[PDB]
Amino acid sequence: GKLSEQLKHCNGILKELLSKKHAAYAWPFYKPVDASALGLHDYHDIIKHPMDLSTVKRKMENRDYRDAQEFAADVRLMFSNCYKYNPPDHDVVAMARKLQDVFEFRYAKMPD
C-alpha cells in the first residue's frame, strides 16, 4: 500500500514532467548534460553527481527507488546542479525554477 502508492504518485509526477504539457521548459532536463558537446569543460569539476529525468526514469523502471523521499532527492539534485553550475539569470535557471514549481506543488499532494 503506502510505499507502492507513494511511488505510484512519484511515477505520475515523473510522467507529467516528461509530458508535452511542460516540454517548453522541461527539455533541458530530459537527458544528461553532455558537457563535452556544449564545451562545458568545468561541468564535471563543479557537479560531482549529475542527474536528469532519463536517469530518474531508468531508476523508477528498475525499481531502484525504495520510497518517495529517494525519488524526490534525485529530482531536487537535478535542479540543485542547475542552480549550482549556471548564473542565476541564465534561461536554463528560469526553466529549472518553472519545472521545480510543477514538481514541488504536485509532490506536496503525496498520499499519506
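Under this definition, the rigid core comprises the largest set of C-alpha atoms superposing within 1.5 Å between the forms. Residue positions are given as counts along the sequence shown, with the first one as 1.
Original post:
Do the Cα atoms of 31 to 39 stray more than those of 55 to 63 in 7 other deposited structures of this protein, or is it the other way round, with the core held fixed?
Top reply: Of 31 to 39 and 55 to 63, the stretch deviating more in 7 other deposited structures of this protein is 31 to 39.
**OP:** Quick one: say whether 73 to 81 or 32 to 40 has the higher mean Cα B-factor in the deposited entry.
**Re:** Per the deposited B-factors, the answer is 32 to 40.
Original post:
Where do the C-alpha atoms have the higher mean temperature factor in this entry, in 84 to 92 or in 97 to 105?
Top reply: Result of the comparison: 84 to 92.
**OP:** Could you tell me which third, lowest, middle or highest, the C-alpha B-factor of residue 45 occupies within its chain?
**Re:** Middle third of the chain for residue 45's C-alpha B-factor.
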